[PDB]
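Structure file entry16.txt (compact mmCIF, C-alpha atoms) follows.
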# COMPACT_ATOMS: atom_id res chain seq x y z
CA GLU I 642 -1.96 8.59 20.51
CA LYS I 643 -3.08 4.90 20.17
CA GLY I 644 -5.71 4.71 17.36
CA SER I 645 -4.89 8.20 15.91
CA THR I 646 -4.80 8.60 12.07
CA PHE I 647 -3.22 10.96 9.48
CA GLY I 648 -3.08 11.35 5.67
CA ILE I 649 -0.45 11.82 2.92
CA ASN I 650 -0.20 14.58 0.26
CA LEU I 651 1.61 13.41 -2.92
CA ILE I 652 2.21 15.97 -5.74
CA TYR I 653 0.92 14.55 -9.10
CA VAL I 654 3.28 16.78 -11.24
CA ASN I 655 6.28 15.01 -9.51
CA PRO I 656 6.12 11.48 -11.05
CA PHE I 657 9.30 10.26 -9.20
CA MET I 658 7.48 10.91 -5.87
CA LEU I 659 4.58 8.79 -7.35
CA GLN I 660 7.08 6.07 -8.55
CA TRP I 661 8.34 5.38 -4.92
CA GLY I 662 5.42 6.90 -2.88
CA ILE I 663 2.42 4.90 -4.27
CA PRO I 664 4.01 1.41 -3.75
CA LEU I 665 5.34 2.64 -0.30
CA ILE I 666 1.71 3.31 0.85
CA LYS I 667 0.52 -0.17 -0.35
CA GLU I 668 3.51 -1.75 1.56
CA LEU I 669 2.77 0.31 4.74
CA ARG I 670 -1.04 -0.22 4.33
CA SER I 671 -0.59 -4.06 3.94
CA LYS I 672 1.29 -4.08 7.33
CA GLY I 673 -1.57 -1.79 8.54
CA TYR I 674 0.21 1.49 9.51
CA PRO I 675 -2.45 4.01 10.70
CA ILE I 676 -2.92 5.84 7.35
CA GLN I 677 -6.55 7.05 6.92
CA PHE I 678 -6.44 8.74 3.46
CA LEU I 679 -4.27 9.99 0.55
CA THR I 680 -4.47 13.45 -1.09
CA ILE I 681 -3.18 13.82 -4.70
CA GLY I 682 -2.18 17.50 -5.16
CA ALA I 683 -1.29 19.94 -8.01
CA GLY I 684 -3.45 17.95 -10.53
CA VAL I 685 -6.14 15.24 -11.00
CA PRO I 686 -5.16 11.73 -12.20
CA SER I 687 -7.13 9.99 -15.02
CA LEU I 688 -9.87 7.31 -14.44
CA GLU I 689 -7.55 4.25 -14.86
CA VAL I 690 -4.88 5.82 -12.49
CA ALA I 691 -7.46 6.81 -9.80
CA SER I 692 -8.99 3.27 -10.19
CA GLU I 693 -5.62 1.69 -9.11
CA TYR I 694 -5.32 4.20 -6.17
CA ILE I 695 -8.85 3.39 -4.83
CA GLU I 696 -8.93 -0.45 -5.20
CA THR I 697 -5.29 -1.44 -4.30
CA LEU I 698 -4.47 1.08 -1.49
CA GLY I 699 -6.57 -0.02 1.56
CA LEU I 700 -7.44 3.67 2.32
CA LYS I 701 -10.84 5.02 3.51
CA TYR I 702 -11.14 8.23 1.39
CA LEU I 703 -9.21 10.05 -1.38
CA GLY I 704 -8.12 13.72 -1.41
CA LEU I 705 -8.29 15.47 -4.82
CA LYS I 706 -7.39 19.16 -5.36
CA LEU T 1155 -19.72 -2.87 11.59
CA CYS T 1156 -16.45 -0.94 12.41
CA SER T 1157 -14.35 -2.25 9.45
CA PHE T 1158 -10.90 -2.62 11.17
CA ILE T 1159 -9.70 -2.38 14.83
CA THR T 1160 -6.41 -1.19 16.51
CA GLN T 1161 -3.54 -3.55 17.56
CA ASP T 1162 -1.46 -1.17 19.80
CA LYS T 1163 -1.01 1.33 16.87
CA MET T 1164 -1.67 -0.73 13.67
CA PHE T 1165 -4.98 -1.45 11.81
CA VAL T 1166 -5.65 -5.23 11.44
CA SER T 1167 -9.10 -6.36 10.13
CA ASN T 1168 -11.98 -6.68 12.71
CA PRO T 1169 -11.80 -10.38 13.75
CA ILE T 1170 -15.28 -10.34 15.41
CA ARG T 1171 -16.72 -9.77 11.87
CA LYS T 1172 -14.40 -12.52 10.43
CA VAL T 1173 -15.65 -15.08 13.05
CA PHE T 1174 -19.38 -14.09 12.59
CA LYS T 1175 -19.14 -14.34 8.74
CA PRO T 1176 -22.26 -16.45 8.00
CA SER T 1177 -22.13 -20.06 6.63
CA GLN T 1178 -24.60 -23.04 6.78
CA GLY T 1179 -25.13 -24.43 10.33
CA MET T 1180 -24.05 -21.50 12.60
CA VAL T 1181 -26.81 -20.07 14.92
CA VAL T 1182 -26.65 -16.70 16.80
CA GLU T 1183 -28.73 -16.07 20.00
CA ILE T 1184 -29.02 -12.50 21.47
CA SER T 1185 -30.12 -11.99 25.16
CA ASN T 1186 -31.04 -8.60 26.81
CA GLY T 1187 -30.67 -6.86 23.39
CA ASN T 1188 -32.48 -3.62 24.46
CA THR T 1189 -29.99 -2.86 27.33
CA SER T 1190 -26.31 -2.35 26.27
CA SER T 1191 -24.58 -2.91 29.68
CA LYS T 1192 -25.64 -6.64 30.08
CA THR T 1193 -26.47 -7.74 26.45
CA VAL T 1194 -25.01 -11.23 25.58
CA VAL T 1195 -24.73 -12.52 21.95
CA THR T 1196 -23.92 -16.27 21.54
CA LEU T 1197 -22.79 -18.21 18.41
CA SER T 1198 -23.59 -21.98 18.24
CA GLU T 1199 -22.28 -24.40 15.51
CA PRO T 1200 -22.79 -28.15 14.90
CA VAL T 1201 -20.07 -30.02 16.95
CA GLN T 1202 -19.97 -33.87 16.47
CA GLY T 1203 -23.63 -33.97 15.22
CA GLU T 1204 -25.29 -31.99 18.10
CA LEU T 1205 -25.35 -28.15 18.45
CA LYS T 1206 -22.82 -26.57 20.92
CA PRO T 1207 -21.99 -22.90 21.76
CA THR T 1208 -18.62 -21.70 20.26
CA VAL T 1209 -18.38 -17.88 20.88
CA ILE T 1210 -19.67 -15.74 23.82
CA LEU T 1211 -19.28 -12.00 22.95
CA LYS T 1212 -20.40 -9.83 25.93
CA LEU T 1213 -19.31 -7.03 28.34
CA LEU T 1214 -17.08 -7.54 31.40
CA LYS T 1215 -16.24 -4.29 33.36
CA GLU T 1216 -17.47 -0.97 31.82
CA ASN T 1217 -14.87 -0.73 28.91
CA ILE T 1218 -13.68 -4.37 28.28
CA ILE T 1219 -15.25 -6.41 25.40
CA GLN T 1220 -14.61 -10.15 26.12
CA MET T 1221 -14.79 -12.54 23.12
CA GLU T 1222 -14.93 -15.81 25.14
CA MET T 1223 -13.96 -18.27 22.34
CA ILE T 1224 -14.62 -22.00 22.98
CA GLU T 1225 -13.08 -25.30 21.73
CA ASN T 1226 -15.32 -28.29 22.68
CA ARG T 1227 -13.00 -31.00 21.13
CA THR T 1228 -10.76 -31.34 24.25
CA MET T 1229 -8.83 -34.08 26.19
CA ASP T 1230 -11.30 -34.67 29.08
CA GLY T 1231 -14.78 -33.33 27.96
CA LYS T 1232 -14.29 -30.02 29.96
CA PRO T 1233 -14.68 -27.28 27.27
CA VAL T 1234 -11.85 -24.66 27.13
CA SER T 1235 -12.39 -20.84 26.94
CA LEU T 1236 -10.01 -18.38 25.15
CA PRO T 1237 -10.64 -14.89 26.62
CA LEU T 1238 -9.99 -12.44 23.72
CA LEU T 1239 -9.97 -8.96 25.33
CA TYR T 1240 -10.63 -5.66 23.47
CA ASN T 1241 -10.60 -2.00 24.74
CA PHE T 1242 -13.83 -0.08 23.89
CA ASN T 1243 -13.04 3.70 23.93
CA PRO T 1244 -16.01 5.78 22.58
CA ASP T 1245 -14.02 9.09 22.21
CA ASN T 1246 -11.96 7.97 19.13
CA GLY T 1247 -15.19 7.40 17.13
CA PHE T 1248 -13.34 6.31 13.92
CA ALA T 1249 -11.64 3.25 15.56
CA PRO T 1250 -13.17 2.81 19.05
CA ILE T 1251 -12.10 -0.89 19.46
CA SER T 1252 -8.37 -1.46 20.27
CA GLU T 1253 -7.14 -4.99 21.24
CA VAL T 1254 -5.57 -5.42 24.73
CA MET T 1255 -1.99 -6.50 23.77
CA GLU T 1256 -0.83 -6.64 27.47
CA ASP T 1257 -0.40 -10.41 28.36
CA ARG T 1258 -2.06 -11.45 25.02
CA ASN T 1259 0.34 -14.27 23.96
CA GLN T 1260 0.24 -15.76 27.53
CA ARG T 1261 -3.62 -16.10 27.44
CA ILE T 1262 -3.24 -17.88 24.03
CA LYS T 1263 -0.51 -20.26 25.41
CA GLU T 1264 -2.80 -21.02 28.45
CA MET T 1265 -5.55 -22.52 26.19
CA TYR T 1266 -3.05 -24.43 23.94
CA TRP T 1267 -1.34 -25.79 27.11
CA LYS T 1268 -4.68 -27.31 28.34
CA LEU T 1269 -5.35 -28.89 24.87
CA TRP T 1270 -1.82 -30.42 24.46
CA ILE T 1271 -0.03 -30.72 27.87
CA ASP T 1272 -1.58 -32.64 30.85
CA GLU T 1273 0.98 -31.04 33.29
CA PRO T 1274 0.36 -28.04 35.62
CA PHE T 1275 0.58 -24.71 33.67
CA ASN T 1276 4.01 -23.02 34.23
CA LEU T 1277 5.90 -21.04 31.51
CA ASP T 1278 8.92 -19.94 33.68
CA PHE T 1279 11.59 -22.51 32.55
CA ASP T 1280 14.85 -22.01 30.53
CA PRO T 1281 14.64 -23.08 26.83
CA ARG T 1282 18.38 -24.13 27.07
CA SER J 3 0.40 6.62 -16.91
CA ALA J 4 1.65 9.52 -14.65
CA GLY J 5 4.20 10.56 -17.37
CA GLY J 6 2.69 12.69 -20.20
CA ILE J 7 -0.49 13.87 -18.38
CA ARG J 8 -1.36 16.83 -20.74
CA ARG J 9 0.19 19.30 -18.18
CA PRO J 10 3.89 20.26 -17.83
CA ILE J 11 5.94 18.18 -15.26
CA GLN J 12 9.51 18.81 -13.90
CA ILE J 13 12.23 16.95 -15.89
CA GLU J 14 14.78 15.84 -13.18
CA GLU J 15 11.94 13.93 -11.36
CA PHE J 16 10.89 12.40 -14.76
CA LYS J 17 14.60 11.59 -15.60
CA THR J 18 14.78 9.41 -12.40
CA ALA J 19 11.26 7.81 -12.66
CA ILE J 20 11.92 6.72 -16.32
CA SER J 21 14.98 4.63 -15.09
CA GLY J 22 13.03 2.10 -12.90
CA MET J 23 10.29 1.26 -15.51
CA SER J 24 9.78 -1.67 -18.00
CA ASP J 25 10.52 -1.19 -21.77
CA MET J 26 6.77 -1.67 -22.68
CA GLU J 27 5.87 1.09 -20.09
CA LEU J 28 8.33 3.55 -21.82
CA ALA J 29 6.70 2.80 -25.25
CA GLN J 30 3.21 3.48 -23.67
CA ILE J 31 4.42 6.88 -22.25
CA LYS J 32 6.24 7.68 -25.59
CA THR J 33 2.92 6.99 -27.49
CA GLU J 34 0.95 9.13 -24.94
CA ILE J 35 3.26 12.25 -25.17
CA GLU J 36 3.39 12.21 -29.05
CA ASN J 37 -0.50 12.19 -29.03
CA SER J 38 -0.28 15.17 -26.56
CA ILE J 39 2.19 16.91 -28.99
CA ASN J 40 -0.21 16.38 -32.00
CA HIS J 41 -3.08 17.76 -29.76
CA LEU J 42 -1.17 21.10 -29.18
CA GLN J 43 0.20 21.35 -32.81
CA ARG J 44 -3.39 20.94 -34.21
CA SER J 45 -4.44 23.48 -31.46
CA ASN J 46 -1.63 25.92 -32.54
CA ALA J 47 -2.75 25.42 -36.22
CA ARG J 48 -6.27 26.64 -35.15
CA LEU J 49 -4.68 29.56 -33.13
CA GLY J 50 -2.46 30.28 -36.22
CA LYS J 51 -5.59 30.83 -38.44
CA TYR J 52 -7.23 33.28 -35.91
CA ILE J 53 -3.87 35.24 -35.85
CA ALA J 54 -3.51 35.39 -39.70
CA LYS J 55 -7.27 36.32 -40.09
CA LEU J 56 -7.04 39.30 -37.60
CA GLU J 57 -3.42 40.26 -38.67
CA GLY J 58 -4.89 40.94 -42.19
CA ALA J 59 -6.82 43.92 -40.64
CA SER J 76 -5.91 45.80 -31.15
CA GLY J 77 -8.23 44.20 -28.49
CA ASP J 78 -8.72 40.37 -28.68
CA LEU J 79 -5.35 39.91 -30.54
CA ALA J 80 -2.87 39.86 -27.56
CA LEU J 81 -5.24 37.25 -25.94
CA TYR J 82 -4.68 34.95 -29.01
CA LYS J 83 -0.92 35.80 -28.84
CA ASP J 84 -0.26 34.74 -25.15
CA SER J 85 -2.53 31.64 -25.77
CA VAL J 86 -0.10 30.34 -28.50
CA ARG J 87 2.87 31.70 -26.40
CA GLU J 88 1.58 29.54 -23.44
CA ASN J 89 1.22 26.40 -25.67
CA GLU J 90 4.95 26.72 -26.71
CA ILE J 91 5.91 26.58 -22.93
CA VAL J 92 3.89 23.29 -22.53
CA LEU J 93 5.20 21.97 -25.93
CA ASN J 94 8.81 22.86 -24.79
CA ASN J 95 8.20 20.44 -21.84
CA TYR J 96 6.84 17.67 -24.19
CA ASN J 97 9.87 17.37 -26.60
CA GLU J 98 12.18 17.80 -23.51
CA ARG J 99 10.28 14.80 -21.98
CA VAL J 100 10.63 12.96 -25.38
CA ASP J 101 14.41 13.81 -25.27
CA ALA J 102 14.60 11.99 -21.85
CA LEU J 103 12.76 8.98 -23.49
CA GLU J 104 15.51 8.90 -26.23
CA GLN J 105 18.39 9.06 -23.64
CA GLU J 106 16.83 6.25 -21.48
CA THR J 107 16.37 4.13 -24.70
CA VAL J 108 20.09 4.47 -25.77
CA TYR J 109 21.25 3.62 -22.17
CA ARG J 110 19.46 0.20 -22.59
CA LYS J 111 21.57 -0.65 -25.72
CA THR J 112 24.76 -0.67 -23.52
CA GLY J 113 23.63 -2.29 -20.17
CA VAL J 133 67.82 -18.14 -31.06
CA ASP J 134 69.99 -16.07 -28.60
CA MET J 135 73.56 -17.54 -28.85
CA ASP J 136 74.39 -14.63 -26.51
CA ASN J 137 74.12 -16.14 -22.95
CA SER J 138 71.55 -13.42 -21.94
CA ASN J 139 68.46 -15.62 -21.10
CA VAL J 140 70.19 -18.88 -19.97
CA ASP J 141 73.95 -18.49 -19.12
CA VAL J 142 75.09 -21.98 -20.34
CA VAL J 143 78.85 -21.08 -20.31
CA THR J 144 78.30 -21.85 -16.54
CA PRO J 145 77.55 -25.52 -15.60
CA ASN J 146 74.63 -24.42 -13.29
CA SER J 147 72.38 -22.49 -15.78
CA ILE J 148 71.14 -25.54 -17.89
CA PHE J 149 68.62 -26.89 -15.28
CA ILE J 150 70.81 -28.85 -12.71

What is this file in structure tokens?
Amino acid sequence: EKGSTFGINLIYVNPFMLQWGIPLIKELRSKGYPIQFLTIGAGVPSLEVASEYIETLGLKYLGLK
Amino acid sequence: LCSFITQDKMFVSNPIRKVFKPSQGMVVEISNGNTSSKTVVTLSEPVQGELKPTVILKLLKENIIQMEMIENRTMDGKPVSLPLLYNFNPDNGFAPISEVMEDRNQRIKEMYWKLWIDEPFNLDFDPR
Amino acid sequence: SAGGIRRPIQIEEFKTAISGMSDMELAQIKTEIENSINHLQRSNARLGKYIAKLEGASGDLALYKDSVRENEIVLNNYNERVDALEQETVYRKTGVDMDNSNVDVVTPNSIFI
């Protein structure tokens, strides 16, 4: 429906997925596709990695597992 | 305060916030502030020395936000209104405001016609 | 970096991701994994002492044994990941005739005419 939102789960232990996925979000977010949040699964990124995810991706909240 | 709005599906930044970003000179008047249905907020800026109204943000019919947007520097003195229209739906609480995209470009061309062309407004002619 | 994150990662997904990176990014990941290797080898040195101390003497011995067994599984991923770093590196240092056999000049035509 018009205005509806959804999130993405990327698996941290699969760095290839991160290598194409993370810049894909930024591209889709810059054009303003209705993405609300990102969940990083199967691990927790470090401070400096998380820092890039928060500031650059125009998300609203971050999923950590 | 709602950070972004909806353009048909996509999330472009809230332009009402962008316009009302405060600088030196601009003056905001609120009327009937304690009753939602008829409240009228009015921006005024310096225009050619004296102080003229530029933006009228108010309610039309129950679920249409009209951002009447005014250029005073015109051909013939008669100030020209750009009716920006925005759907207010209070169910989708995350992003209530969605822009009316139906006949959007044609409202924009209307204003720019009156600023540039002196002829009667008619868009139905072949570009060839 | 997402490569060499102190936990074991699948290799085929690393072997692709390593391809589309800069040479200074590969050196940063290579530095990070070797530090991770030295962290487990100094950890296995400490686990090695608590084995040799108790082996000199069976509860709280198998729990040391599967702890150093588990570290070898994670360490097996590290030097496998370092092996992929080596293979990506070495891919970037490649990118008179008097017989009338030729001209039959017994004939008037063969000269050039």

message = Show me, as number ranges by chain, the residues that have an atom within 12 Å of residue 668 (chain I) when counting all atoms listed in the file, minus same-chain residues fewer than 6 positions from it.
response = I: 661-662, 674, 676, 697-699

inquiry  = Env of region 1254-1268 of chain T: 9 Å cut, atoms = only C-alpha atoms, seq-sep filter 6 positions within chain, self excluded. Answer as a PyMOL selection string.
reply    = chain T and resi 1161-1162+1218+1228-1229+1234-1241+1274-1275+1277

Quick one: write out the picked residues with C-alpha atoms as a PDB file, keeping the file's coordinate frame?
ATOM      1  CA  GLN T1161      -3.540  -3.550  17.560  1.00  0.00           C
ATOM      2  CA  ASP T1162      -1.460  -1.170  19.800  1.00  0.00           C
ATOM      3  CA  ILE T1218     -13.680  -4.370  28.280  1.00  0.00           C
ATOM      4  CA  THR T1228     -10.760 -31.340  24.250  1.00  0.00           C
ATOM      5  CA  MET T1229      -8.830 -34.080  26.190  1.00  0.00           C
ATOM      6  CA  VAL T1234     -11.850 -24.660  27.130  1.00  0.00           C
ATOM      7  CA  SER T1235     -12.390 -20.840  26.940  1.00  0.00           C
ATOM      8  CA  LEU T1236     -10.010 -18.380  25.150  1.00  0.00           C
ATOM      9  CA  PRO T1237     -10.640 -14.890  26.620  1.00  0.00           C
ATOM     10  CA  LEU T1238      -9.990 -12.440  23.720  1.00  0.00           C
ATOM     11  CA  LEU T1239      -9.970  -8.960  25.330  1.00  0.00           C
ATOM     12  CA  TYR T1240     -10.630  -5.660  23.470  1.00  0.00           C
ATOM     13  CA  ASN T1241     -10.600  -2.000  24.740  1.00  0.00           C
ATOM     14  CA  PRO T1274       0.360 -28.040  35.620  1.00  0.00           C
ATOM     15  CA  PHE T1275       0.580 -24.710  33.670  1.00  0.00           C
ATOM     16  CA  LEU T1277       5.900 -21.040  31.510  1.00  0.00           C
TER      17      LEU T1277
END

Can you list every residue of chain J that has an atom at most 7 Å from chain I, with its nearest atom pair and the distance in Å to one decimal, using all atoms listed in the file, ordered by chain then number, as CSV?
residue,atom,partner,partner_atom,distance
J:3,CA,I:690,CA,6.9
J:4,CA,I:656,CA,6.1
J:5,CA,I:656,CA,6.7
J:11,CA,I:654,CA,5.0
J:12,CA,I:655,CA,6.6
J:15,CA,I:657,CA,5.0
J:16,CA,I:656,CA,6.1
J:18,CA,I:657,CA,6.4
J:19,CA,I:657,CA,4.7

request  = Pick out the chain T residues within 7 Å of chain I. Count all atoms listed in the file. Give them as a ChimeraX atom specification.
outcome  = /T:1160,1162-1166,1249

With all atoms of region 683-696 of chain I from the file as input, state the centre and edge lengths in Å to one decimal of the axis-aligned box that has 3 Å extra on each side, as AutoDock Vina command-line options.
--center_x -5.6 --center_y 9.7 --center_z -9.9 --size_x 14.6 --size_y 26.4 --size_z 16.2

ask   = Could you list as a PyMOL selection string every residue that has an atom within 9 Å of (-18.2, -20.5, 22.8), using the file's coordinates and counting all atoms listed in the file?
value = chain T and resi 1196-1198+1206-1211+1221-1226+1233-1236

key: Nearest-residue call for residue 9 (chain J), choices J:21, J:109, J:38, J:51, using all atoms listed in the file   =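 Ranking J:21, J:109, J:38, J:51 by distance to residue 9 (chain J), first place goes to J:38.
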
query = What does the distance between CA of residue 693 (chain I) and CA of residue 10 (chain J) come to in Å, to one decimal place?
reply =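 Separating CA of residue 693 (chain I) from CA of residue 10 (chain J) is a distance of 22.6 Å.
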
ask   = Counting all atoms listed in the file, which of I:649, I:669, I:663, I:692 gets nearest to residue 704 (chain I)?
value =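 Distance minimum relative to residue 704 (chain I) lands on I:649.
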
ask   = What is the CA of residue 1174 (chain T) to CA of residue 1156 (chain T) distance in Å?
value =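 The value is 13.5 Å.
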
ask   = Suppose you want the space between CA of residue 695 (chain I) and CA of residue 683 (chain I); what is it in Å?
value =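 Spanning CA of residue 695 (chain I) to CA of residue 683 (chain I) is a straight-line distance of 18.5 Å.
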
inquiry  = For a quick check of understanding, using all atoms listed in the file, which of T:1250, T:1212, T:1232, T:1155 has the smallest distance to residue 1184 (chain T)?
reply    =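 The closest residue to residue 1184 (chain T) is T:1212.
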